[PDB]
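Coming up is one lone chain in structure tokens, specifically the form deposited without the partner chain.
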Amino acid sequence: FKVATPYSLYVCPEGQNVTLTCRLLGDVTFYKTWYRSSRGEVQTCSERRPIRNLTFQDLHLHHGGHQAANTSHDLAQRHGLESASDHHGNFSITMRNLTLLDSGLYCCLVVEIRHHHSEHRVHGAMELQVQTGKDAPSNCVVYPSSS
């Protein structure tokens, strides 16, 4: 049971939209959320820092394997953040109108809860650099995670 991050680096200009993506390979509930963190030597995605004033708890989803889930219209409208899990193990966070305060190390956490004492936690890490200089790209440049 594991998480694939297609892309480890996203380099976007201010004012763009970006979707950060994690993909799930593998009844049971899932807890899935997003937070900014840091890339430690032995542990990455431990510390849970806010994304634009919201926390992993605000952005979290809780859904069954036959189920999709997304954050509310009022969250999207108010914070320009949409977190969404489709039926195909695609888990994403869509950020509207990037500012330089959006840069950071983003983590998707996915918890498989098979039972009260049976939780498996997996995370994916990806950097978002929001650029502001004359050389900033016209839209997101993205760097694959692998091969």
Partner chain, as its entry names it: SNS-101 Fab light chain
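Residue numbers count along the first chain shown, from 1.
One more form of this protein should be noted, the form solved in complex with the partner chain, which is absent from this view; the next part is about it.
Proximity to the partner chain in the entry with it bound holds for none of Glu14, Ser92 and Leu98, with the criterion being a heavy atom within 4.5 Å. The partner chain in the entry with it bound comes within 4.5 Å of a heavy atom belonging to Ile113. Using a 4.5 angstroms limit between non-hydrogen atoms, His117 touches the partner chain in the entry with it bound. Remark: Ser46 counts among the residues lining the partner chain in the entry with it bound, judged by a heavy atom distance of 4.5 Å or less. Mapping the unseen interface onto this chain, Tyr35 counts among the residues with a heavy atom inside 4.5 Å of the partner chain in the entry with it bound.
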